[PDB]
């Protein structure tokens, strides 16, 4: 029987900022129970440390740099020299999505919340294998309704923040957006309970702006400023996820539903007070704190409850995992991900990925087993043993010069399989990305 698939994909959450990730300060009871119901990945990665490229990898099961989706698509932030600007930046139309693949297997498909895979009509979710959409095309938006005046006074890219149903039916949220998105996903489950369905629940929680339900803020009297907002926004993310998980149980769909929880990129600790403990770094850098994310898979009667899987896995793996579960027999020859199920169930004791890569311009990483080489524009390449140094504080480059040379050559061989980028950020953002990395160069710790 073809299982339902629910992918809950948070935005800008701290690695440490869930109960199941070791938080005692924040409250995530619903997602903690999801963790206990299935397998928790201790080394789950996104394909990039920023939103657009991460989502391009997730949606395609491919290294997004292979189709030139290398730097983040941010209308108004792009170089005057960029090949594509504004609404023309998007997931190339020749790429086949997770939605397209599950549509081939007869699934009902919906996306709720953040898209960020292009603002033009041709890049719209309903053109990319999704039946149904309630969300926003761009990278961020308010958790409450925009006034008519705010929409009138927005710059030429502001339209991508407007809450939208399907193909251009604009209507602002009537309550806290996190609750709207969760309730919509639960309504869609109810409407499609008799047929295989795929939901992509792309919460904007816990992305800026720092806005919360006042009742949620009240539950954190001992937290201050940004961290109090993050706590409240996290409680909202967890409650809204709860609407979906509870609806599945209520309708008896638990045994025949795959639920995934992950996060688009590492926490931007300076922006939303996210905490990536015990990792160094943040959003937009390639330290573990930027690329390693909370990662759960639940499939009752198929995946052992309360289990952990400790070899590296990728958001790139989700497309082939979902497609195989959906009884798909025509996977494209170009997929970088692997079906995780044989690995999760111990049929395959090998690493799903011996070698993994990250790249934004001159900043790149090659990982070989637990060896991690990090290349930078502004400092010598660093080598970490992640099996003894999760926080990347002990540079072993000088002690292992032959391994550094061999990993450098392997990194460049992979770079040679990539397209040149399709769009380029203004020069100044490389300084912002590196300066924040140096601000969070030390390990984060649970408060």
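Positions refer to the first chain, counted from 1.
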Would you tell me which stretch averages the higher CA B-factor in the PDB entry, 65-73 or 22-30?
22-30
Mean C-alpha B-factor higher for 164-172, or for 145-153?
145-153
In this crystal structure's PDB entry, the residue among 316, 134, 374, 217 with the greatest CA B factor is 217
So if I compare the CA B-factors in the entry for 79, 222, 241, 262, which one is the largest?
222
Residue 381, C-alpha B-factor rank within chain (lowest, middle or highest third)
middle
Among modelled residues of the same chain, the CA temperature factor third for residue 401:
highest
Using only modelled residues of the chain, where does the Cα B factor of residue 105 rank: lowest third, middle third or highest third?
highest
Going by the entry, which third of its chain does the Cα temperature factor of residue 139 land in?
lowest
Looking at the temperature factor on the CA atom of residue 408, which third of the chain's modelled residues does it land in?
middle
